[PDB]
Amino acid sequence: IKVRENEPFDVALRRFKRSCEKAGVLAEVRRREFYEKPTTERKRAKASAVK
Amino acid sequence: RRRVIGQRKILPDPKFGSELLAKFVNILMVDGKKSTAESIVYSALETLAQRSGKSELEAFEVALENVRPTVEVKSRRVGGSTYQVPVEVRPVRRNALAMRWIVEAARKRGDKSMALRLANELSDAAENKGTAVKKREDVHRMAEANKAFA
Amino acid sequence: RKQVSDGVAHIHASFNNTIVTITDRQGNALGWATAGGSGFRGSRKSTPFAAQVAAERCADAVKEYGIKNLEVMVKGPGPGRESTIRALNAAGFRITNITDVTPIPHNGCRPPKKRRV
RNA sequence: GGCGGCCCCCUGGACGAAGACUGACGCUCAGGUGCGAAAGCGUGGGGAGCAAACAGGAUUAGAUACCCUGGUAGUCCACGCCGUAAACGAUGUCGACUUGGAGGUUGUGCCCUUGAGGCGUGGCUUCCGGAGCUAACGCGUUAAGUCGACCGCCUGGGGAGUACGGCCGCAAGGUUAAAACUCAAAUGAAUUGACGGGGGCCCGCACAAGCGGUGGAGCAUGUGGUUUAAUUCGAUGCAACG
RNA sequence: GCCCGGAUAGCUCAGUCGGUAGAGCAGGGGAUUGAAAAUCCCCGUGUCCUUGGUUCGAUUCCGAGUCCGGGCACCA
RNA sequence: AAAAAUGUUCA
RNA sequence: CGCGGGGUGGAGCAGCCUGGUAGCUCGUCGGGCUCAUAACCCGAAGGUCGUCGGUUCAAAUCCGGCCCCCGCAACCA
RNA sequence: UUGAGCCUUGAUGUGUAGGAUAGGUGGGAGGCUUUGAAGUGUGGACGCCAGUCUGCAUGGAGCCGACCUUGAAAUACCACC
Numbered sequence: 003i004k005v006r007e008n009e010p011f012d013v014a015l016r017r018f019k020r021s022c023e024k025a026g027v028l029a030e031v032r033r034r035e036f037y038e039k040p041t042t043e044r045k046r047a048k049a050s051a052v053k
Numbered sequence: 002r003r004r005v006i007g008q009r010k011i012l013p014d015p016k017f018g019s020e021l022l023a024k025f026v027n028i029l030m031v032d033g034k035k036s037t038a039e040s041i042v043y044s045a046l047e048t049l050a051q052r053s054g055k056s057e058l059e060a061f062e063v064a065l066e067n068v069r070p071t072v073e074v075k076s077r078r079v080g081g082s083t084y085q086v087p088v089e090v091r092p093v094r095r096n097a098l099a100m101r102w103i104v105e106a107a108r109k110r111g112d113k114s115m116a117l118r119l120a121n122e123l124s125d126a127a128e129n130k131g132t133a134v135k136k137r138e139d140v141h142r143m144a145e146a147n148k149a150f151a
Numbered sequence: 012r013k014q015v016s017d018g019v020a021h022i023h024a025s026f027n028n029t030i031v032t033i034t035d036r037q038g039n040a041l042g043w044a045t046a047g048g049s050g051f052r053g054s055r056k057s058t059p060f061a062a063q064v065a066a067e068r069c070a071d072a073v074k075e076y077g078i079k080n081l082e083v084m085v086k087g088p089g090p091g092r093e094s095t096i097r098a099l100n101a102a103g104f105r106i107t108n109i110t111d112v113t114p115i116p117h118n119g120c121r122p123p124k125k126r127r128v
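In the order they appear, the protein sequences are chains AU, AG and AK. Numbers 3 to 53, taken from the authors' numbering, label the letters of the first sequence in order. Numbers 2 to 151, taken from the authors' numbering, label the letters of the second sequence in order. Numbers 12 to 128, taken from the authors' numbering, label the letters of the third sequence in order.
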């Protein structure tokens, strides 16, 4: 991710990075792998689009 | 809880005109009774008056509102992860607590009477002989030097 | 002495330490500090708070050249990320960086298997 | 089965589109034959990181573990072998049919092309669900629906995928595959309640926050044990012990 | 047997060209307390080995005495 | 979001 | 037989070179926690120091007297 | 490139108090050395940062040590350690 800004601020509020964008952590491809259940979350998010 | 619970308001000391003086009789409450408490209050008050022709009330006030408590550690949830949160103390409850302490400190100084205690004891304002100096060296020692957050 | 004037600022914000290093325009070491030298326990030595104190301890030594500007290069997840910034700004030195370098790979070697706990 | 950087070289399949041709030449399939994730084994290299094994440190009463520090073979490469997996859509293969809905992807015909586009029609593919089917959970035109052709396997559990032998394997083992004896069930699905170091949600001296106690001492009293001719009997976690 | 170096608070060790004898640690005592701890504090005790002299203070500059340790002669 | 077992037979 | 090691609360082990003082770890013991208990928690007790005597102001202690126990050898032809 | 022995030319000199330039002894006490004016103000030095140390312009005019201050003595100044 890149959330840079100039002046003393250069990051974005965690809260509004949990809204209609998300951010909290960033070390995915530097910590251990898994494959079965990280991809199911997205499929459950097809049931997040059911109404 | 879900309500802030207190109780009735006590009356200000009526022959010196001062609520603080009346809340310190309460601290010294002996037999359950305010009476035998008020004696000694007044006895040691005079001791202080003799050495201090000016107000001897500002040697309670300074001493205890130099000391500004701030520390405990709790935890609450934030974004789906709980975190061990350090929590600040609100400036009002700092006050409320602090007034008590100094007068609590008596009946252990190994005197004969509460005269000799509370007299010599209370007179100091920043060079205390009471618990007020002795909590300073723990409150600021802790805080923001072994406390990771406000 | 050497009249640095822009000191490149390395920081590695590790979950187990936070290092601060004032390096030259050649990237050579000059001065440094960490929370662990500032001294607490053994595990208060990374905390955000600990990390503010540390950036300021470092700052004091290298005053004798005079620095006035920074090139902040953040590195590593681990905390006290913006705790250091505030110290820097607040210390006669000024942000002029616009893009940081963090090292991220295209990926070679295997990370540990780590704790199942 | 499985298969991810980039380029080249060598090479297969799939699909759609128009026609053109062949003229039932076909389908499945015991045996048999080929392919097989990962580990292992054999030959030969290579060694970054990780890491069986292994060695320390820690926790614990005990810790051949969960935890931390290291770390060897191995993982990688070249060659060969062994052939298993919850090798799963837990769903044999082939062919023919039967409501529909929305998405996805990929060919192709067309429309003021008059749009970034509008309408068809094929191939593949998720999600939904109707009838029907289902024990239920569900499956549902890519079926567990409705039909047919042909194969494989099953016939209570334990004993046991063990024994014996044959076959295969360098080995490890794999494959085929019992019986004696033993039990009254074993099994699937769903329903209610209870409980979860399951989740969400909410309060109470439940805790927090305070204040005063107890356990110490001596005495009062009960109680048990013990003792006595009897120490009448009952109470027993809260929910027995002035 | 000589030549070097040493002797400081309980422990362990600094260190003043001669203003003053301090640290770190363990212990105790306290805020303490996963029981107990582990976390956090605070000091304390002196020929500074024994003699003296320089001297308005000197382990503090130094002769000697005693005790100790390295290195060397390795001596009927 | 701070380690932790164990329950003789019989309605 | 002879060299040599050791007999310690109940156990496994210190103090015994060097004579005055019996400690450590473990259990045991009382009382808790718990619904009950391991775990866990706290507080006690407990040794003619293997025996028989010798010298001394002083003996588990040093030296002898037995008693097992345990160990190293039992020499070449 | 860089140690160590000398010089030569530079820099601190803290015994009780005195903030320090009181290492210590002897020499030693008023006005030109043509420089010593001082001050104002530029530069460098030190925790003796106070104090002095130490560069240059105006000033060839005249500093100012009994300092401040403590002490038993008091700091000019010249041998010199």
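By construction, the Cβ of each residue, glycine as well, lies at the ideal position given by its N, Cα and C atoms.
message: Quick check on AK/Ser57: buried or exposed, where buried means 16 or more other Cβ atoms within 10 Å of its Cβ?
response: Reading the third sequence from its first residue, position 46 is the one you call residue 57 of chain AK. Looking at its Cβ environment, which holds 16 or more other Cβ atoms inside 10 Å, AK/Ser57 is buried.
Among residues of its own chain, excluding the 5 on either side of AK/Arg92, which ones have a beta-carbon nearer than 6 Å to its beta-carbon?
Against the third sequence, residue 92 of chain AK aligns to sequence position 81. Within the same chain, AK/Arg92 has close Cβ partners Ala24.
DSSP beta-bridge partners of AG/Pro87:
Working through the second sequence from its first residue, we reach residue 87 of chain AG at position 86. Looking at the DSSP assignment, AG/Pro87 forms a beta bridge with AG/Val74.
Counting Cβ pairs closer than 8 Å, one from the segment 39 to 47 of chain AG and one from the segment 114 to 129 of chain AG, do we hit at least three? yes
Original post:
Is the CB of AU/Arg33 under 8 Å away from at least one CB in chain AG?
Top reply: Position 31 of the first sequence, counted from the start, is the residue given in the question as residue 33 of chain AU. It does not: the Cβ of AU/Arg33 has no partner Cβ on chain AG nearer than 8 Å.
Query raised in the report: Quick one: is AK/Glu75 buried, meaning 16 or more other Cβ sit within 10 Å of its Cβ, or exposed?
Result: Here residue 75 of chain AK refers to the residue found at position 64 of the third sequence. Exposed is the call here.
Are AK/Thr95 and AK/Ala66 closer than 8 Å when you measure CB to CB? Numbered from its first residue, the third sequence carries residue 95 of chain AK at position 84. Numbered from its first residue, the third sequence carries residue 66 of chain AK at position 55. Yes. Within cutoff.
*Spatial neighbours of AG/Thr71 in its chain, beta-carbon cut-off 6 Å, leaving aside the 5 residues before and after*: For the purposes of this step, residue 71 of chain AG is taken as the residue at position 70 of the second sequence. Answer for AG/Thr71: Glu89, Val90, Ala144, listed in chain order.
Neighbouring residues, chain AG, relative to AK/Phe51 (Cβ below 7 Å)
For this step, residue 51 of chain AK is matched to residue 40 along the third sequence. Result: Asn147.
- Query: Does AK/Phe60 come within less than 8 Å of chain AG when only Cβ atoms are used?
  - Reply: Here residue 60 of chain AK refers to the residue found at position 49 of the third sequence. Yes, its Cβ sits closer than 8 Å to a Cβ of chain AG.
In its own chain, which residues sit with a C-beta less than 8 Å from the C-beta of AK/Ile78, not counting the 5 before and 5 after it? Taking the first residue of the third sequence as position 1, residue 78 of chain AK is located at position 67. Result list for AK/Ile78: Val15, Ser16, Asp17, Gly18, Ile33, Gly103, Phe104, in chain order.
**Message:** Determine, for AG/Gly131, whether the minimum Cβ-Cβ distance to residues of chain AU falls below 8 Å.
**Reply:** Against the second sequence, residue 131 of chain AG aligns to sequence position 130. No, no contact with chain AU.
Open item on the list: Going by beta-carbon coordinates alone, are residue 189 of chain AG and AG/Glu57 separated by less than 8 Å?
Closed with: Nothing can be reported for residue 189 of chain AG, as the shown portion of chain AG is limited to 2 through 151.
Q: Please state if the CB of AU/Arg34 and the CB of AK/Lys125 are separated by a distance shorter than 8 Å.
A: Working through the third sequence from its first residue, we reach residue 125 of chain AK at position 114. Working through the first sequence from its first residue, we reach residue 34 of chain AU at position 32. Taking 8 Å as the Cβ cut-off, AK/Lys125 and AU/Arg34 qualify as a contacting pair.
- Task: Mark AU/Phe18 as exposed unless 16 or more other C-beta atoms lie within 10 angstroms of its C-beta, in which case mark it buried.
- Result: Your numbering for residue 18 of chain AU matches position 16 in the first sequence. Result: exposed.
So, with DSSP's three-state summary, where would you put AU/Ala25? Indexing the first sequence from 1 puts residue 25 of chain AU at position 23. In the structure shown, AU/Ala25 sits in coil (DSSP, three-state: anything other than H, G, I, E or B).
> For the segment 9 to 32 of chain AU, which residues have a CB atom closer than 7 Å to at least one CB atom of chain AG, in sequence order?
Replying inline: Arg16, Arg20, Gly26
Q: Give every residue of the same chain whose Cβ lies closer than 8 Å to the Cβ of AG/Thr132, excluding the five residues on either side of it in the sequence, and list them in chain order.
A: Against the second sequence, residue 132 of chain AG aligns to sequence position 131. Result list for AG/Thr132: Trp102, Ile103, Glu105, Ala106, in chain order.
### Query
What are the partner residues of AK/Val19, as DSSP defines its beta bridges?
Mapped onto the third sequence, residue 19 of chain AK falls at position 8. Partner(s): AK/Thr34, AK/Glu82.
Quiz item: Are there 16 or more other CB atoms within 10 angstroms of the CB of AG/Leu98, so buried, or fewer, so exposed?
Solution: Walking along the second sequence from the start, residue 98 of chain AG turns up at place 97. By the 10 Å Cβ count, AG/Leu98 comes out exposed.
With three or more C-beta pairs closer than 8 Å as the rule, is the segment 115 to 123 of chain AK touching the segment 20 to 39 of chain AU? yes
Applying a beta-carbon distance threshold of less than 7 Å, which residues of chain AU neighbour AG/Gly80? On the second sequence, position 79 is the one that residue 80 of chain AG refers to. Residues of chain AU passing the Cβ test: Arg16, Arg20, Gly26.
Opposite AG/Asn67 in the DSSP bridges: which residues? Taking the first residue of the second sequence as 1, we reach residue 67 of chain AG at position 66. AG/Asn67 is not bridged to any residue.
(message) Could you check whether AG/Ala149 and AK/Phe26 sit closer than 8 Å to each other, using their CB atoms as the reference points?
(response) By 1-based counting over the third sequence, the position of residue 26 of chain AK is 15. By 1-based counting over the second sequence, the position of residue 149 of chain AG is 148. Not in contact: AK/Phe26 and AG/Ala149 (Cβ atoms no closer than 8 Å).
- 9 Å Cβ cut-off: residues of chain AU touching AK/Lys125: Counting from one through the third sequence, the residue named residue 125 of chain AK turns up at place 114. Neighbours of AK/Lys125 on chain AU, chain order: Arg33, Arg34.
Identify the contact partners of AK/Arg55 in chain AG, using a Cβ-Cβ distance below 8 Å as the criterion. For the purposes of this step, residue 55 of chain AK is taken as the residue at position 44 of the third sequence. Those within 8 Å of AK/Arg55 in chain AG are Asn147, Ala149.
Worksheet item: Among AK/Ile109, AK/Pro88, AK/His21, which one has its Cα closest to the Cα of AK/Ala40?
Response: Locating residue 40 of chain AK in the third sequence gives position 29, counting from the first residue. Cα-wise, what sits closest to AK/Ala40 is AK/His21.
Note to self: In whole angstroms, give me the CA-to-CA distance for AG/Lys35 and AG/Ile28.
What the structure shows: One-based indexing of the second sequence puts residue 35 of chain AG at position 34. One-based indexing of the second sequence puts residue 28 of chain AG at position 27. Rounded to whole angstroms, AG/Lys35 to AG/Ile28 spans 10 Å at the Cα level.
**Report entry** Short CB-CB distance (under 8 Å) between AU/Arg44 and chain AK
**Finding:** Residue mapping note: residue 44 of chain AU aligns to position 42 of the first sequence, counting from 1. Chain AK, which has no Cβ nearer than 8 Å to the Cβ of AU/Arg44, makes this no.
At a CB-CB cut-off below 7 Å, which residues of chain AU make contact with AK/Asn100?
As a working note, residue 100 of chain AK is residue 89 in the third sequence. Simply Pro10.
| Limits of the beta strand (DSSP E) - the one that AK/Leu41 falls within | Residue mapping note: residue 41 of chain AK aligns to position 30 of the third sequence, counting from 1. It spans 40 to 45 - the beta strand (DSSP E) in which AK/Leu41 sits, taken as one unbroken run.
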